[PDB]
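Residue numbers (PDB author numbering), protein chains in the order written: chain A, 1198 to 1246; chain Z, 550 to 648; chain L, 1 to 305; chain Y, 1 to 305; chain R, 1036 to 1564; chain V, 1 to 50.
Every residue, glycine too, gets a C-beta built ideally from N, C-alpha and C.
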Amino acid sequence: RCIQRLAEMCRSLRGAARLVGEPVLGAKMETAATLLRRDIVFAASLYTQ
Amino acid sequence: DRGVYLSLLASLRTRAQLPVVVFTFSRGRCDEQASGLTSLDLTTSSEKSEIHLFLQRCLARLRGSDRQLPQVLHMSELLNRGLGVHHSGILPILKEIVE
Amino acid sequence: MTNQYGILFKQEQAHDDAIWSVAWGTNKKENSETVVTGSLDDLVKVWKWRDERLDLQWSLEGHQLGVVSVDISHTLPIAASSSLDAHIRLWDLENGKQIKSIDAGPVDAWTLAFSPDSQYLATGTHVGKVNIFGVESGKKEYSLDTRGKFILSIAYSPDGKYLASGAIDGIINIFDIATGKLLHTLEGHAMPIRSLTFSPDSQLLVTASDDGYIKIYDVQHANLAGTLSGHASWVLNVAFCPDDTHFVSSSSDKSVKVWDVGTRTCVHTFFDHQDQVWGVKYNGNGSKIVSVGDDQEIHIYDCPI
Amino acid sequence: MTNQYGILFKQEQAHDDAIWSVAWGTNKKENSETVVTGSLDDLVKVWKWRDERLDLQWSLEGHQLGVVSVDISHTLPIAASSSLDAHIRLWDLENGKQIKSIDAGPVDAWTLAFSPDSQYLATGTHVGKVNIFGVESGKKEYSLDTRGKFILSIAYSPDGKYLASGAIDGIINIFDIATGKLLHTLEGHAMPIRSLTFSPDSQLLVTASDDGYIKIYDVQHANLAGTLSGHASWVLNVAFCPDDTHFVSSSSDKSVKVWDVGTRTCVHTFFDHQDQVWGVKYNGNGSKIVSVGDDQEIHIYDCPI
Amino acid sequence: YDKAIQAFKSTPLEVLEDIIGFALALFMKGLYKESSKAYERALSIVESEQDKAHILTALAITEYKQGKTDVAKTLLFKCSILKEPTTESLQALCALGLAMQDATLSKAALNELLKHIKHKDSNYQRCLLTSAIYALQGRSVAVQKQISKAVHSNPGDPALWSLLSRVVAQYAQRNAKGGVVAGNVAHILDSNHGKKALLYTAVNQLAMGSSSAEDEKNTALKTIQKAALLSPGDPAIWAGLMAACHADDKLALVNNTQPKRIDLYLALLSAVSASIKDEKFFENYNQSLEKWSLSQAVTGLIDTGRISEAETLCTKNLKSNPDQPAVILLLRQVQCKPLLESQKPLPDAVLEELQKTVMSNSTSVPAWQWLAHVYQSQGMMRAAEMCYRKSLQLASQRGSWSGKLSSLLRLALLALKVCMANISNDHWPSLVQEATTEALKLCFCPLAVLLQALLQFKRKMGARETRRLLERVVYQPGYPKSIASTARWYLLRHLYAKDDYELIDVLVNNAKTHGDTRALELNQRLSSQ
Amino acid sequence: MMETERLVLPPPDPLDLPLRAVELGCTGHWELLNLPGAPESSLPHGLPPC
RNA sequence: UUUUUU
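In structure tokens:
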């Protein structure tokens, strides 16, 4: 639950660093997000599919 | 508490009031008595087959290492007999199968 | 903010060795959904995605060495395959039996591509030309010529009138099928290309070279609209979605990415394969992706519209 | 009368080319003192320390490229040798008869070390795994692995439940043999290791570096309790003695220095071995020292207790 | 280059950059004297002595091209006399030394390079120069040892592993298995070294033979195909493919299941030639590759059975150029295949012609072995022996090793076959003895020991020594199936000669614990005579 | 070249086996085929120059 | 010692 609640905040910071004008935080938060969601932590819910 | 639950389930199986939802108030006790109950086997053979087919079809999407680790195996063992636990400290993929 | 992507089915061991190419065809007017795959064998197995799973239908085979390219047709039930065997034998897909066999060596064919109307079956040669054979009508009416090197990738625009060809060493050539005259030659990348694709309505040509970049050119001029760099090794295929908004790329770093051309960014990455991924395709109304890999497996994903 | 460390022997041409691994086994309490060496000529030779000298017992073979590591077992008379083609042999050491030949794939094994009761024969791997092959009965009993680079040197704790593994990047991983759960990772250096040695009553761990420094660590923590700065060029091998008092080191600058933990100074330095030294070892007590260099000479020094 | 020269013309050539560029363009086109003049002119106006050393090295290279190695050498020494060498003058000096077949200065240059230069970070070029120096002296085993040393120092570096595999394929191809492992390691440790590493591991697998567990997915054919998919540009992959197809056919024939992959030789030859045409220059290597590919294609076509295509291919090649004594032998071979396939006697005129043609191209053990086979076919045994002897003498002088063993074993087979016929002039056993002793002197050839067993059984059939030798051949493991079966079969017949039913059933269980059809069936046939 | 002819009995005994020697690879590895015919080495011209 | 969301 903590990892799921972090990969969803390191993605609204990708949206705010693009708004402030920080293109190096955008390129680091867009990496820290894609390396954080790979496996059973992000398994699709049975109900949804 | 182990004898209390086995005497309750003995008086509960004699009648048809079987699908009983225990409400515990802390997760360690919650998985503790589900581990400690350890012999009911309330399920027939065809229910064994359907439980096994459904759980294998839903669990066989994900990869190798992720499908043999302690909770998955332990919960599958309990579910085989027809028992589940549903506290807040288990993977959502197991809450959804139990539900 | 992205959508819900995910696996639906996983064939465990389709062939006995690496799988080198895949084609998905919604050929029949009804819901057939036939998938044809070729491997480092003689086998050209013909699968069918019926409702929720793939059931093997044909295991047809006549080849001697590994198959390097397979193709399917949208009008007729038919398929074509080429190999290191110097033969282009084209199958039937209905009774599972060979129809023809064309003799052509690594100097006459490397990779296959049918016409939009399933009539011509162009292939790329070694000496630089593109050879256009004739299905059901014999062999080798004419060959387009580009004064270049070994040619790896061949693409046909969906509406006709355009044929594109990548090569070892990078250069890209665009011909028009109407007259057979070279429109213009792009200089592109600096390493082999080995995959190309137009977009539906044919105004956007997407390459994928050996250095990791994905150029997005624009047809009818020489404009390029950007360079997509998000892989970590070679890029081996690019398939463009039925609606002109996304495309899928499989690389030799064991990863299938889904891009969108509006903002030139990667929406979702699939980390499910365990070895090089040699083939990706969409299906009909593009909402599922097939991916054949170096480890013998067939993945089918779910990309909701 | 001071008994100073003396050269006391030289054997001019032990092998035909460079010598790479030396092991000293006092298995028999009687006059056996077996010394075994592997030397890039694909020969593993067994020598014995008879009265004051080395007399060859036998030279035994079967190895494709040069031999990289040899080991002698304390409990039973038995030897083990690995080479560059990742192929492991066990030698009888009573007849020279190759008891067992543990094979291995392209990337399985680099160096070797027995278990204290001579049962497991742990070995490193080009891609980071530390898989263990049960002696004389089993193959690939299990594979204890981390994520990391090439792993040059591997040590086994004397008492047990410890296994320290250096890496080419320069980091140390120590694993408890009970279950395989990494105890703690030491950053180490920024250059490869090439040697790891424990102590009897194993509380101190000594690491050799490729920059010439030697680092002393305490097993209970990551306390970098030491640093020694005498060797000019790389350091290739470090060994202790049956008492926790001092150790020998073998640089790549053609010098063997004997350091002490108590005072952290070089009590003595040896000047032999025209070319660089690749191995050093101590016998069943502190008396005698064996050094094998790149030049084809075996040296046996003396160092009173 | 002409456009470049014209462009450099339309400027005042007064700064170092313009003069240097002009010089390189001039050198590229030809015109070495002009480039030398321009480089000297650039040398006049020079600061930053690194550039002075580089200009001196360029001068040495450009005049070397014309010839005049003496002046190039002195100019490179002059460059060395500067305050600090550049690691580029040293490498050029080593290569210049290697271009003249003398290792005196090359060793000195290499030691100089090693001595005080560590900031170079290639680590592959130094190994290549060191190995080339050792190969110059003809050592040919030291080379592999030197590369093994280099790989021991830096176990990373895919390039080093790949080079070790290549060297094992070229020099000392008796560590074929180790080479296969080295190529596999190089391919694993990266992806972009795939191309060369797969080529070299495939060639090593070809050299090895079939020394595996008859496992699929890792045979020579599979690896060469993987390499062909990775890089379809070099001609070596196509030649390797031709060799792999032929070897697979022979292995299937040994296993006796089915020949497969029959007719593609002409297409592969076309691919090889087309691919060579676009390679810049390794002239000797390209010529060698094309010659080997042509010969292999003709032989493959003859074996499969398409004689006519082989004939037309050879004739076209001769129609291209005046005769070269290699291809004419191929034409002779294709000519003389129908005849002697059906029994026929050949006339001394044709036979003498063939012998004369073989002397044309000497220094080739294959040719001599083929001629000896022809003599044996008609039956002129002693002449066959002489031709085989010439092949052995030639092979031993060349330092090759496979040819020596092949010739010796072939001669032993000739003598044993002559003995089989119950011929008088009891001298063929003596020839068998000498050939087999030499064969065992080289190695541990199972065929040689079975051949001795057959000689012993045939000559002085006897009771004990023959059975002992045969049983030793058939009972210790590590022997091929076919050889074990033949020794077993003769031992069964002889063991039946000296009746012991117990021992015969022991032989039966030995057959049972393996797979056989013929020994036990013959035993069934001869249990009730 | 001394005899110029040899006459031999080709089916000397029908029980025994003719010896067919097939050569596999450059490192010595031979095998025995059953049916009679030519020697049939593998890679007759040697290894391809790589 | 229970429970939770942008």
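Please say whether residue j and residue i have beta carbons closer to each other than 9 Å?
{"i": "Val238/L", "j": "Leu204/L", "result": "no"}
{"i": "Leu93/L", "j": "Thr34/L", "result": "yes"}
{"i": "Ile1342/R", "j": "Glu1325/R", "result": "no"}
{"i": "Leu1389/R", "j": "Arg1367/R", "result": "yes"}
{"i": "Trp259/Y", "j": "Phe247/Y", "result": "yes"}
{"i": "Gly38/L", "j": "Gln1260/R", "result": "no"}
{"i": "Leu182/Y", "j": "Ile193/Y", "result": "no"}
{"i": "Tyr554/Z", "j": "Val570/Z", "result": "no"}
{"i": "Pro48/V", "j": "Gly1218/R", "result": "no"}
{"i": "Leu1504/R", "j": "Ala1488/R", "result": "yes"}
{"i": "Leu1451/R", "j": "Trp1436/R", "result": "no"}
{"i": "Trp1327/R", "j": "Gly46/V", "result": "yes"}
{"i": "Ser1200/R", "j": "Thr1236/R", "result": "yes"}
{"i": "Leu589/Z", "j": "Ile642/Z", "result": "no"}
{"i": "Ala1255/R", "j": "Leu1241/R", "result": "yes"}
Our contact map puts residue i next to residue j with C-beta atoms below 8 Å; I'd like the distance itself, whole angstroms only.
{"i": "residue 394/L", "j": "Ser101/L", "result": "Outside the shown range of chain L, which is 1 to 305, sits residue 394/L, and nothing can be said about it."}
{"i": "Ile305/L", "j": "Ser287/L", "result": "5 Å"}
{"i": "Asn1352/R", "j": "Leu1329/R", "result": "7 Å"}
{"i": "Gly148/Y", "j": "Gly170/Y", "result": "Contact flag wrong, Cβ pair sits at about 10 Å."}
{"i": "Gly166/Y", "j": "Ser153/Y", "result": "4 Å"}
{"i": "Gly1213/R", "j": "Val1203/R", "result": "6 Å"}
Please work out which residues of its chain come closer than 7 Å, Cβ to Cβ, to residue i, disregarding the five sequence neighbours upstream and downstream, and give them in chain order.
{"i": "residue 1012/R", "result": "Because chain R is modelled from 1036 through 1564, residue 1012/R falls outside the range shown and cannot be assessed."}
{"i": "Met1063/R", "result": "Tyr1036"}
{"i": "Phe1043/R", "result": "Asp1053, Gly1056, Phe1057, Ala1060"}
Nearest to residue i by CA position, among the options, is which residue?
{"i": "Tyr217/Y", "options": "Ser249/Y, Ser229/Y, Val235/Y, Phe198/Y", "result": "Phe198/Y"}
{"i": "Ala104/L", "options": "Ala1456/R, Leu1299/R, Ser1328/R, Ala1185/R", "result": "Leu1299/R"}
{"i": "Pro39/V", "options": "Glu1052/R, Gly1173/R, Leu1406/R, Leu1348/R", "result": "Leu1406/R"}
{"i": "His87/Y", "options": "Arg194/Y, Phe133/Y, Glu12/Y", "result": "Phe133/Y"}
{"i": "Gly180/Y", "options": "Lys281/Y, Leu152/Y, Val206/Y, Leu144/Y", "result": "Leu144/Y"}
{"i": "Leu121/Y", "options": "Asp108/Y, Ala109/Y, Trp110/Y, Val135/Y", "result": "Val135/Y"}
{"i": "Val68/L", "options": "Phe150/L, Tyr213/L, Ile289/L, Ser81/L", "result": "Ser81/L"}
{"i": "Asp244/Y", "options": "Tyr162/Y, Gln64/Y, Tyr282/Y", "result": "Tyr282/Y"}
{"i": "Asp85/Y", "options": "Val1215/R, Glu1123/R, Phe1479/R", "result": "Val1215/R"}
{"i": "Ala1447/R", "options": "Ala1134/R, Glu1469/R, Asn1227/R", "result": "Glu1469/R"}
{"i": "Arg50/L", "options": "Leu8/L, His15/L, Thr265/L", "result": "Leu8/L"}
Which residues in the same chain as residue i place their Cβ atom closer than 6 Å to its Cβ, once the five residues preceding and following it in sequence are excluded?
{"i": "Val647/Z", "result": "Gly633, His635"}
{"i": "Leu1210/A", "result": "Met1226"}
{"i": "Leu1348/R", "result": "none"}
{"i": "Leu24/V", "result": "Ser42"}
{"i": "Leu1443/R", "result": "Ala1470, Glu1473, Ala1474"}
Cutting at 8 Å between CB atoms, please list the residues of its own chain near residue i, excluding the five before and the five after it.
{"i": "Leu1265/R", "result": "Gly1229, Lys1230, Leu1233"}
{"i": "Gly262/Y", "result": "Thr245, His246"}
- Query: Is the number of C-beta pairs between the segment 270-279 of chain L and the segment 251-258 of chain L that are closer than 8 Å three or more?
  - Reply: When Cβ pairs closer than 8 Å are counted between the two stretches, the segment 270-279 of chain L is seen to touch the segment 251-258 of chain L, the count reaching three or more.
- Three or more beta-carbon pairs under 8 Å between the segment 208-217 of chain Y and the segment 185-192 of chain Y, yes or no? Yes, the segment 208-217 of chain Y touches the segment 185-192 of chain Y.
- Message: Under 8 Å: do the segment 1127-1137 of chain R and the segment 1164-1182 of chain R share three or more Cβ pairs, one atom per stretch?
- Response: In this structure the segment 1127-1137 of chain R touches the segment 1164-1182 of chain R; the number of beta carbon pairs closer than 8 Å is three or more.
- Query: Contact between the segment 619-634 of chain Z and the segment 18-32 of chain L: three or more CB pairs below 8 Å?
  - Reply: No: the two stretches stay apart, fewer than three of their Cβ pairs being nearer than 8 Å.
- Is the segment 21-39 of chain V close to the segment 1281-1300 of chain R, with three or more CB pairs under 8 Å? The segment 21-39 of chain V and the segment 1281-1300 of chain R touch, with no fewer than 3 CB-CB distances between them shorter than 8 Å.
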